[PDB]
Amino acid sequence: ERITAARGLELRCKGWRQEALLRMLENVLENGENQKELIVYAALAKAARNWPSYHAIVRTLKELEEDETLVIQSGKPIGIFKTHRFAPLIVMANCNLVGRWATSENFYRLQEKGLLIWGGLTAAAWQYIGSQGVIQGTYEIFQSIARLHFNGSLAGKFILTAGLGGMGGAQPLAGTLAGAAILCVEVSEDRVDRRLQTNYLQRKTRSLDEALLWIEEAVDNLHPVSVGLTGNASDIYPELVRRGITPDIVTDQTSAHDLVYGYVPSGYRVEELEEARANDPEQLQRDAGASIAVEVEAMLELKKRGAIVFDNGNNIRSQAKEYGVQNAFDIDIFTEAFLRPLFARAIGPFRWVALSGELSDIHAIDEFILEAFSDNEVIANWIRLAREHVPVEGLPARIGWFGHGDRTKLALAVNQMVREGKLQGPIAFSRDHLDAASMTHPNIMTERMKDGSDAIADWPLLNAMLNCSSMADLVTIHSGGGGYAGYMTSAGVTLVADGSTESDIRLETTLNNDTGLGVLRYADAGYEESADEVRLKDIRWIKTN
C-alpha cells in the first residue's frame, strides 16, 4: 500500500510544527516518482537514506518536543539535541563531499556502501510539492522568451522539449498556459500516460508525423496544444534536423544529470535498464553520454537555424561537452538568460502546502493573494491560471513566485488566517533551492555571474546558518550527487504557519532574511536590480569601499 500524507486534524506528533514536517515527508513520497525506492524525483533524489532511516525519522518526529532538534545526515537520523523552541526542529545536510572527492564515481561507490543518498534539492528536505513546484518557473522562462523574441506571445510558436518526469511533466502545462504548441518527447509510455491522466498533457501519440501534424494545426491557428510523443530525444531531435523542421524554442528536461539512473540511451528499452545497470553500468553510461551528445548536437543545429535554444537546468550541456560537444556551452542557460533579473530581487519559487489536506485552504489563500497583491499583475495572472489549471497532487499546494517582503507579507497573513480559523489547518511554507542566496552551481544558477563569483558556495552555507539563526522549522544544506557531484551546493528552509503568535515572529524573521540575503548576494555581485531592491526595501547592505 502506497504511503500517503495524513489528512485532517488529528495530531500524531506532540505539536503541529512536528506534524507538519512528518506530513511533508509523507507528501514527497506520495508525490514521488518511485516511492518504493524512496525516490521523489530526478531519477535518484531520495527522501531518506533507506527504509530503516525513514521509519526512525517517523518515530523520532512523533516524539520530538518543540525545544529539540533532530539531526539528519544524508537522509539518516543521527541524534536528538536540546536547543530551544525558536530553533529549527530539524537541521540536515545531505550528500556533501569535500571537493576533490565530489565525483560521480565516488558518489555511486559511497551510495553503494550505504553512506549517503543524493537528496535532490527538495527531496531529502521533504519540500517537493509535485510537478507544480517547477511549473511557474518554466512558464516564466517561456514568457521571458516570448518578451525577448516573440513580441510578448508564444501563440503560434512551437516549443520542443523532452522528459515528462517529476519536473519535466510540468512543461506541457507551462507551454499551453503560455499559449504555445509544445511537443514533449518521453521514452516511457507510462510517464506519457500519467501526464495525460493528470491533465498536465493534452494529447499523446507514438507517431512523430501525427505529433507534427497536431503541432502544425495549432501553430497555424495560434491555438495552444501539448503533445506527448513516445520516443527517445536522441532519436527525435536529429530527425527534426533531418526534416529541416526548426521549432521556435528548444530545450530538454530529461534526467541528463545521471547516466546510470537517468538518461536512456538511443536503442535501449526502459525495460532493460535495470538489467543493464546490474551487468554493465559502465557501458550504459557511455551509451547515455553518447546519446546526450547527439541530442545536443541537434540542439546546436536547431539554434543555428534560428531556434531559441536553452538548457533547462539538467547539466545536459556539461554532459554533452564531456562526450565531445566542444561548443555545448554556446547554448544558453535559463538562469543567466531569462530568470536572473528575478533572482536579483530574490523573487523566487515560494510555495505552500495545506497540511489539513483541504483544497479549500489553498483556494482561500489564492483569493487572498488576488486581493492583497492586486497591483502585482504577474502574481495575479499566475494565481488565476494555477487555480484554474493545476490539479491537486498529494496534499493541496501552490507555487507562487514572490520577492523580498512579499513572502513575509503572505506568510504573516496566512498565519493569521490559520489563527482566525479562516483556514482549516496549518500551512507549510517552503521553496525550491533555485533561489537567490541558496544555490551555487556554475552551470545552472550561478553561470556567468557579473563579478565572476560563479563557484563561490559561501552563500548557501550562509543562507542555512542565517535561517537557523532566524527561527526556521527545518534547514538543509545539499550538494550534488550523481552527475551533479562537484557542481552544486544549495540550502533550503521550511516554515510552519501553525497560527500561533510566536510563529509570527519566526515567519517574519526567517522570510525577511531568506530573501534579504538573496538580494544582497546579487547586490554584492554588482547587479543594479539588487541595488535598487536594497534601497526600495531598506536592506542593510554594508558598504566597504
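Note that residue numbering follows the sequence shown and begins at 1.
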item: Between the two ranges 352 to 360 and 121 to 129, the one averaging a larger CA B factor in the entry; value: 352 to 360
item: Mean temperature factor over C-alpha atoms, higher-scoring stretch between 422 to 430 and 271 to 279; value: 271 to 279
item: Top residue by Cα temperature factor, when 451, 435, 287, 458 are compared in the entry; value: 287
item: Per the PDB entry, maximal CA B factor within 210, 473, 311, 447; value: 210
item: Third of chain Cα B-factors occupied by residue 501; value: highest
item: Record-listed C-alpha B factor of residue 439: chain third; value: lowest
item: Relative C-alpha B-factor of residue 10, binned into the chain's lowest, middle or highest third; value: highest
item: CA B-factor placement of residue 157, once the chain's modelled residues are sorted into thirds; value: middle
item: Modelled-residue ranking by C-alpha temperature factor, third containing residue 63; value: highest
